[PDB]
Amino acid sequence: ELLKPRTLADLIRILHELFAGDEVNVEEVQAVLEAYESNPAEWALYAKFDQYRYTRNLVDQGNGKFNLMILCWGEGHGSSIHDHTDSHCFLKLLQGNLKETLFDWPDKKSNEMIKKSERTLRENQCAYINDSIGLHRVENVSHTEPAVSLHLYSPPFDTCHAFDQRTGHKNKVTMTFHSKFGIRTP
């Protein structure tokens, strides 16, 4: 019985219920993430920005079933084109807007990766991606507004691939956490 999360802490408790088992009801997880109304005071602790690139701030480790993290995107900050390491990946906007560009998996032949579509993710929306859907890039294209997003990955993963848009070639990257549980982790 999915109820509206009243707070971030309530959302986290609900997520622990939704991930108690071995499978993932994607539509229910997405619905509960979308139903949480972002309250900046509840997540200010995790919203630690860096001047030069986006930061990943771990919020909850989901008792091993998922990583819940907050990403903080300065103006003009964006990601690589990347995969999600055979995990579910939910992305909910907490503040601002992000541009999501979707790409197909490259072929063996070296070729330019041409976007398949793009969309603007707005405040409180929750999007979803997995490797079966494709690859994506996420970018804060704003010149004036930092963006903050809440990401849930299940199972948790510490590495993924970045893809060269000019060729489709991929390189393994290790995810680093800027902070964990509100504590800066150099």
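One-based numbering along the sequence shown. We call the rigid core the largest set of C-alpha positions that still match within 1.5 Å between the two forms.
Between 36-44 and 59-67, which has its CA atoms farther from the current form in 4 other deposited structures of this protein, using a rigid core superposition?
Of 36-44 and 59-67, the stretch deviating more in 4 other deposited structures of this protein is 59-67.
Report the stretch with the higher mean CA temperature factor, choosing between 106-114 and 71-79 on the basis of the entry.
For C-alpha atoms only, the mean B-factor is higher in 106-114.
As stated in the PDB record, which stretch has the larger average Cα B-factor, 4-12 or 175-183?
On average, C-alpha B-factors are higher across 175-183.
Between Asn140, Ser154, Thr159, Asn39, where does the Cα B-factor run highest in the record?
So the option with the highest C-alpha B-factor is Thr159.
Ordered by C-alpha B-factor within the chain, which third holds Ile133? Give me lowest, middle or highest, please.
Highest third, going by the recorded CA B-factors of the chain.
Which third, lowest, middle or highest, does the CA B-factor of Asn124 fall in along this chain?
Middle third - that is where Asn124 ends up once the chain's C-alpha B-factors are sorted.
Name the third of the chain's ranked CA B-factors that contains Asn57, choosing lowest, middle or highest.
For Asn57, whose C-alpha B-factor we compare with every modelled residue in the chain, the answer is the lowest third.
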